[PDB]
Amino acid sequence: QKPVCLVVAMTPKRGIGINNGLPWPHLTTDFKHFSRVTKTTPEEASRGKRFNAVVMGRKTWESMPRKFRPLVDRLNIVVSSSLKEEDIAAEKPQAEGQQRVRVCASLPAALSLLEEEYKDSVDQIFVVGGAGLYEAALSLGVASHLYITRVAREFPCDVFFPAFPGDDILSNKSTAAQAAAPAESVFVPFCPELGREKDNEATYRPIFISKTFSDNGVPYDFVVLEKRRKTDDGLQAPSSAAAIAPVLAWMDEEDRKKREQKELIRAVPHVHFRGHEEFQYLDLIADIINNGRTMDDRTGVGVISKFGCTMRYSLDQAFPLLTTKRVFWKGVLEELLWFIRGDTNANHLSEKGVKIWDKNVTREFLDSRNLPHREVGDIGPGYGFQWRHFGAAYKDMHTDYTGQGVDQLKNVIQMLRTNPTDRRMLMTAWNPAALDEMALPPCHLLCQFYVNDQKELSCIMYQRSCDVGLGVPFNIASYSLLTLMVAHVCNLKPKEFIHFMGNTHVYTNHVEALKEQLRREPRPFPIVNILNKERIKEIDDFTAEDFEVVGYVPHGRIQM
């Protein structure tokens, strides 16, 4: 009895085709993935001819170009009542060592044919579309695994993958007892022989979530879902390992005792291959809750903290705007352009609807800072003032500072353009002489740039204090966005943002909300495009209308 899997690419609304074609421009990595999965013999992936079978409906077969069909090096089965096997053979000369294309009247007939006629030759069976055959395979319950390429952008479609148990992997579902009726869905039998019985309901659970890819401006990732019941929950010589085991046992005794005391928090534990880069962020939250120390802090709330943490995010395919909770993109962008301008007037942010600075520039708060001479909204000689005018004497948010202090951002960009191997391309906001004049001591206080041999730019930012629940996603996007902007005006390609964290903490009053967020599987990351690239020559040329975020499909509000 041979394994059956489904292989499909779909939009978040399950769109898979239009006018008997695909909805999107060509997805190059997905095509490699489709070929490799369906052509790979089982012994190869784990490292007389044996081959796999691909089963498709008639429209999917018709949708292919004559030169491309049948799919090479796999047995092709077409489910159809009208197509004839002789016609297919008559299309073009049969190639050597290629299986004759078979036509069957239903999916059960196709599987029975493979089980019986191809018992010694076929290894694996892939159902590869379209919606008619996917629906048949789901309702039959024969698919142990679904290989889904989640395309993050929406496209006009007229053919959709059937709704299925587990399709919350694609998009947000009204499920908090607020749905008007049980969601539309195929019934998937867990034991296929027992059909539709209440006791026999299955669901598909993700075991695999890759990092985000893109081609042709389309972001997407790869997931593998495994059928489950709905009522469900180095290497060394053995002698070497046995000699070592008693020493490890006593060395781990103190940790094992404290593990067995508390319950260990773990983000979406059923996902075994955790390639998505947001798993760094989810695992960080879990590790702070599990292993941080509870302590007191400036605000009085109480925190769990760890000291010295790192994450890295790729910028060459997609943009790390986190998906298990929506990030305030407009605030990230408006605040970064404000920084770049050297602006210290937080009212300019507030009037645009970005309120993040307001609580720290009230008359009340500025007086707690012993700055009663500060007009409301004046953050003092803080972040952007130090970036563009490091060391200048500060009067107020209305003063013109052109030519005062050191313009670090200009110096970094000039060095990247002329001497990109330089090891001093740094920008800092931490000016200890100015700390008492500021509304807040800088939090993200240092960044460093680096170029490799292929004109790829990377950025490290060092943050002294990190609220992982609320601040960290925002800071990831700010400095990733900065890296895209610097790369563009320096004729570089953005490669990586690297995040160095000092005091890294969650607030104890957020612990329960974070546990709920840690039940969410990350979605594919969006793409951030720079618009009007020919117009933008210098870092000061960017405006708030020069950016577009594409394919951003985050989880909704936290039910807590």
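Start at 1 with the first residue shown and count on from there.
Note: missing coordinates for residue 41 occur in a third or more of the other compared entries bracketing this position. Per the records, residue 187 is among the residues left out by at least a third of the other compared entries, whereas the shown structure includes it. Deposited sequence between residue 233 and residue 234: 10 or more residues lack coordinates. Counting the unmodelled positions of the deposited sequence between residue 47 and residue 48 gives a long gap of 10 or more residues.
Looking at mean Cα B-factors across 32-40 and 526-534, the upper value is held by 32-40.
Annotation for 324-332 versus 366-374: the higher mean temperature factor (C-alpha) is found in 366-374. Between the residues 300, 166, 342, 269, it is 300 that shows the highest Cα B-factor in the PDB record. The top Cα temperature factor in the record, among 358, 283, 215, 277, falls on 358.
Per the deposited record, the Cα B-factor of residue 395 falls in the highest third when ranked against the other modelled residues of its chain. In the PDB entry, residue 560 places in the highest third of its chain by CA B-factor. The entry lists a Cα temperature factor for residue 135 that places it in the middle third of the chain's modelled residues. Among all modelled residues in this chain, the alpha-carbon of residue 494 has a temperature factor (C-alpha) in the lowest third. Among all modelled residues in its chain, residue 469 ranks in the middle third by Cα B-factor.
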